[PDB]
Each structure stands twice: as structure tokens, then as C-alpha cells.
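*Asks:* Structure in C-alpha cells, see below.
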Amino acid sequence: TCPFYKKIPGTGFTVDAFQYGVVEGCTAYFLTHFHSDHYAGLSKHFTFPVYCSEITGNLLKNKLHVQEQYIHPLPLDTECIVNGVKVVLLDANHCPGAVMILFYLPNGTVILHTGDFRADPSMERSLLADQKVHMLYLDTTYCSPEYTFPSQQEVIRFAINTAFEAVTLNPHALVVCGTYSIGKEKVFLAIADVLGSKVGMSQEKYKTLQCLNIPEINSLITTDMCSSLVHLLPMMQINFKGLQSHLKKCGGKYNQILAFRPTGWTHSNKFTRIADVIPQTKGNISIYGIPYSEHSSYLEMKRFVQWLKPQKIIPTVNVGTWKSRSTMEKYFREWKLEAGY
Ligand code: NI
């Protein structure tokens, strides 16, 4: 049944709650972003109002074939009325089109639902600064102190320099980047840019990218694999067998693959710096796992919450075990005591 942490008290609203059938008493279904665990259950047969960003609305229409009359896109950073309740969508710094939602309840309570986010100090100067938030529904994916990772910028720098060195040493090397959802486009776009290539990909992936309002996108991507030296493949094919196979498909145009797997966290982060990352190599194939995250680190999450000073926190991730729930509640209390709210 719909869990309580997907329901917004005092409204008829749910968030990211499309796989429970008809939720009893729900007048509007919000969708924070186009990732499968969140949209699971939507299709062309859905007949309730869906509220989301413009980009998420492009993907609903084009990829899932939801009918237009049920898609209600909202502009960001703008006070809007939905079924008699004031709401605002804010940028979540996750994947393209991903938002956080502020709800202003009739009784005067103010609720922020983060959806999926990567907390950033720039959020401290949005419309959030302007009033108090009583309740926070929080993306707790990496709510534990072992979870450190570099900035997105440092990671991209590493990848650009690595790729550029490799292809300049060997002009017959191919670069491959794995993907399995939207997000992390910067990785393959930045590499293609330094190499003066377009990124080549399947027709399904090209369609998905054309929904995302990325400026100058027609200049950066293509379905002609033959004219590109940066290829995108399913994350599943980023392994020695899948890459050898793919190399055979290119008709002796290339004699070496350099491949990137943008993972979330991996335990080499506990010890190793970005400068120090090394690939796994077999023959003429090398695979780099790079820690490019679109979720808050533990420290970024802590800073956001200590800034916001919420009266009550409701976690939306890692809620399935008592040991996780208990550990999270302990961190929330430390943070509260340290900051004095
Ligand atoms: Ni997500």
C-alpha cells in the first residue's frame, strides 16, 4: 500500500506514488524526476493529473506516451496554485528536470519535499531563504559519514584530461561511456567537446536526450556511430566481454578502448583521492570507475539541514530496515544539538 512518507498531510497530494494503483483520496500526483523507481507505474493509460517540470513533462509525453491533457508542467521558481494550495518547484541539482517541491498548507505549515537532490550552498539563496520550513522529506541516500566524494567539477576535469591524453597518444583509440537513465550527461558531453567529436548513441537514447532542453544539443550528439569517437552504451555492456564485442563491430577503425563507468559511491573513496584513480586493464581495453554523484555527500546533506533548521525530518531513502532508520535518527539528533535548533 502507499507508504506514509509519499503522502503530504492536509492535502490530497502524493509524491512519486504511481505504482499503488488509485491512491484513496489523491487528487494530484506529483513526479519529482524521470527515474524509473520514481515514475514506476505511469503509462498512456493514466487518467489523473500529473504535476512536474517542463522537462519531466517532455519525457512523459515522448517516452512513456502519457496523454497531454493529464500532464501539467509548472515553471520553476514560481508561486503556483494547485487544487487550492500554493506550491513552488525548485531546482534539485540531480538529473535534468529534477525538482524539489515546497507546499504551503492552509493551516500555515510549510513542507519541503527534496525528491532526489545534491545539496548545494546555492540553494541557501533560492525562495527557501524567505520563510521557515516546518517539515522536510529528505533524500537520505548517503546519510552516513563514510560517504565522501569530490565535486562534480574535479571529476569532470579528471575525465577530460584522461581522455584527451589517451587519444592524443593514440588517434586510433575509441572512448566509451556507460549510461542507464538520464543524469550525468556532463561526463560524455565534456569528453566529446575536448576531442572535437559528437557523441554517438542508439536511436532510443538520442530521443531521450532531445527531450532535455540542453542548448546547442543538435551540435553535440548523433545516431551516426561511424562519424563519432565517443560512443554511449548501456551500463551493462561496460565490461571486458561487452567492450571486446563492441570493438569488433567498429570494423578495424580502432585498436584500443578507453571506457568510463560513472558509479555513485564505491569504497575506494574511503582511501583514495581523485588524482590517484586507476583503471582495470585487459589487453587493449581500460575501464575507469569515476565517482560522479548526483546525490548529496554526508557533509553536504548535513550543511543543508543545519542551515534549514526543520522541526521534523522524514527520510525517503534507506527506510526499509530498523538499523538504517535508527542510525539516521541518531545523525539528525547530533546535527540538531550541534547547531542548537
Ligand atoms: Ni533519482
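To be explicit about the labels: the chains of the C-alpha cells are called A, B, and onward in the order shown, and within each one the residues are counted from 1, while ligands get numbers from 1 in the order they are shown.
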How would you report the residues lying within 7 Å of ligand 1, as a ChimeraX atom specification, if you count only C-alpha atoms and all ligand atoms?
*Replies:* /A:33,35,94,116
*Asks:* Pull N, CA and C atoms from the residues just selected and write them as a CSV table (one decimal), in the first residue's frame.
*Replies:*
chain,number,residue,atom,x,y,z
A,33,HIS,N,11.1,13.6,-10.6
A,33,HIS,CA,12.0,13.5,-11.8
A,33,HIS,C,11.8,12.2,-12.5
A,35,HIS,N,13.2,9.2,-13.2
A,35,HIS,CA,13.9,8.0,-12.9
A,35,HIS,C,12.9,6.9,-12.6
A,94,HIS,N,20.0,17.4,-9.4
A,94,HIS,CA,20.0,15.9,-9.5
A,94,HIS,C,20.2,15.7,-11.1
A,116,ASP,N,14.8,13.5,-5.2
A,116,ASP,CA,16.3,13.2,-5.2
A,116,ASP,C,17.0,14.5,-5.4
*Asks:* Using the chain letters and numbers from this document, which residues of region 164-245 of chain A does DSSP assign to helix (DSSP H, G or I), as a PyMOL selection string?
*Replies:* chain A and resi 164-169+185-195+203-210+217-219+225-227+235-237+240-245
*Asks:* Write out as JSON, numbers by chain each polymer residue whose atoms come within 12 Å of residue 4 (chain A), counting only C-alpha atoms; drop sequence neighbours fewer than 3 positions from it.
*Replies:* {"A": [1, 7, 8, 9, 13, 14, 15, 16, 17, 23, 137, 314, 315, 316, 319]}
*Asks:* Rounded to one decimal in Å, what is the spacing between CA of residue 164 (chain A) and CA of residue 294 (chain A)?
*Replies:* 24.3 Å
*Asks:* Write out as a ChimeraX atom specification the residues lying within 12 Å of residue 153 (chain A), counting only C-alpha atoms and excluding same-chain residues fewer than 2 positions away.
*Replies:* /A:149-151,155-160,184,186-187,190,274,291-293
*Asks:* Can you check which parts of region 129-188 of chain A lie within 8 Å of region 265-273 of chain A? Per residue, the shortest pair of atoms and distance in Å to one decimal, counting only C-alpha atoms, sorted by chain and number, as JSON lines.
*Replies:*
{"residue": "A:146", "atom": "CA", "partner": "A:270", "partner_atom": "CA", "distance": 6.6}
{"residue": "A:147", "atom": "CA", "partner": "A:265", "partner_atom": "CA", "distance": 7.2}
{"residue": "A:148", "atom": "CA", "partner": "A:269", "partner_atom": "CA", "distance": 6.7}
{"residue": "A:149", "atom": "CA", "partner": "A:269", "partner_atom": "CA", "distance": 6.6}
*Asks:* Suppose you want the space between CA of residue 312 (chain A) and CA of residue 127 (chain A); what is it in Å?
*Replies:*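 Between CA of residue 312 (chain A) and CA of residue 127 (chain A) the gap works out to 19.9 Å.
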